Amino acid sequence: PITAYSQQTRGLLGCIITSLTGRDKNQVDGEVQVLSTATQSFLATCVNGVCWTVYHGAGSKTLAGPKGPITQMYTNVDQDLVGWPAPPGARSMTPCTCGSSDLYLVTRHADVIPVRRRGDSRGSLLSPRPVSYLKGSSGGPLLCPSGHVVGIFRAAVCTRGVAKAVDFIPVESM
């Protein structure tokens, strides 16, 4: 019942240029943004006018925006969460407000995979996945059945390259 597709907006050259000029003049759209740096790439999720992502990918960097570089409005190293004021065009999603344990993890590759809520910040995968299928999907949203944000994907628990559960930042903090 929840479905997603991706749309690319830049390649390497544009990406490197934009990092130095801190000025992304492309159209913004969508609920989840595919973010990149020099070293690594990952996701951001817009909730209540704020692009949220993970510190272990974004660090304390600005987000290249239309008017110029955007400072982080929120920065927590421990809980591995950072937020920028969302640029104009982003479609801001909304928190859960229902408590369903039936979750959906949206990946980097616009794949929606079933997740069982187990703890306050934990959920198990119903079908184990290769770790490479999940890599780069940090900051991707965990959705409730009606497609509201339960949390943001942070880390996975693995055994020999196959992930059997996910840890996420719960939405309440945001």
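In case it trips you up, residue 1 is the first one in the sequence shown, and so on.
- For the pair 146-154 and 17-25, the mean B factor over Cα atoms is greater in 17-25.
- Of the two stretches examined, 76-84 and 89-97, the record assigns the greater average C-alpha temperature factor to 89-97.
- Per the deposited record, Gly123 carries the highest C-alpha B-factor of all listed residues (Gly49, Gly123, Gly136, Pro69).
- Among the modelled residues of its chain, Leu43 has a C-alpha B-factor that falls in the lowest third, as given in the PDB entry.
- Among the modelled residues of its chain, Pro141 has a C-alpha B-factor that falls in the lowest third, as given in the PDB entry.
- The PDB entry assigns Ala58 a C-alpha temperature factor belonging to the lowest third of its chain's modelled residues.
- Ranked by Cα temperature factor within the chain, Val131 sits in the middle third according to the deposited record.
- Among the modelled residues of the chain, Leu35 sits in the lowest third by CA temperature factor in this PDB entry.
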